[PDB]
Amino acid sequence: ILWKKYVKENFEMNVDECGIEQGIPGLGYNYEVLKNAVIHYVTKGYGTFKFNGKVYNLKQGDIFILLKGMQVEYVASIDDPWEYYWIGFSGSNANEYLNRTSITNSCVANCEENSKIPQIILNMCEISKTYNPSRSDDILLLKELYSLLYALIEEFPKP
C-alpha cells in the first residue's frame, strides 16, 4: 500500500524509505539485509521473525529491526496475517544512536502501553504518502527520525 524510497541525500541522518505492507497468509521474505537499518512495527495480526537460529512469534505492538548483513526470514501467519509499518534509515549519527539502545542486541522488542514509538512510525508513514519537499516534508521526516531514535533509547536503554 506504501513503499516510498528517498534519495541518500544525507550522510549523518537520513530517512531512506517508509512503508506499509498487509501480509498475504503464509508468505514473506528470506534474504540477507542490504539496507543500513529498518525498524518494523506490527500494527495488526501475527507473523514470525527468524534470525540467528531463533524464531519469534510477533503480534500487534511488537517491533523487529533489520540491520545490514543479518540473514532474516519474516512470514505472515496463515490464520491472521500481520500488517507492519517500517522506517528505513542510515547515517553516522543514526548508527551511533542505535548503539545506545538494547534493541540492537536481539533485534526484537515489545512497545509498552504508553510507548511514543507507534505514533512516530505511523506519522512518518502518513507524511510519506503525500511527501512534498516544497512544503518542507523533508525537515518534518528528519525531526520525526530524531524523535524515534530518542524514544528507542528512552524505552530500551543500554545498562
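Throughout, rigid core stands for the largest set of C-alpha atoms superposing within 1.5 Å between the two forms. Heads up: residue numbers just count along the shown sequence, starting at 1.
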item: Segment of greater CA departure in 4 other deposited structures of this protein, 134 to 142 or 8 to 16, core superposed; value: 8 to 16
item: Of 136 to 144 and 5 to 13, the stretch whose C-alpha atoms average the higher B-factor in the entry; value: 5 to 13
item: Per the entry, higher mean C-alpha B factor between 109 to 117 and 30 to 38; value: 109 to 117
item: Most elevated Cα B-factor in the entry, residues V75, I87, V72, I78; value: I78
item: Third assignment of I103 from its chain's C-alpha B-factors; value: highest
item: B-factor third for the C-alpha atom of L66 within its chain; value: lowest
item: Chain-wide C-alpha B factor ranking for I127, given as lowest, middle or highest third; value: highest
item: Position of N52 among the chain's modelled residues by C-alpha B-factor, lowest, middle or highest third; value: highest
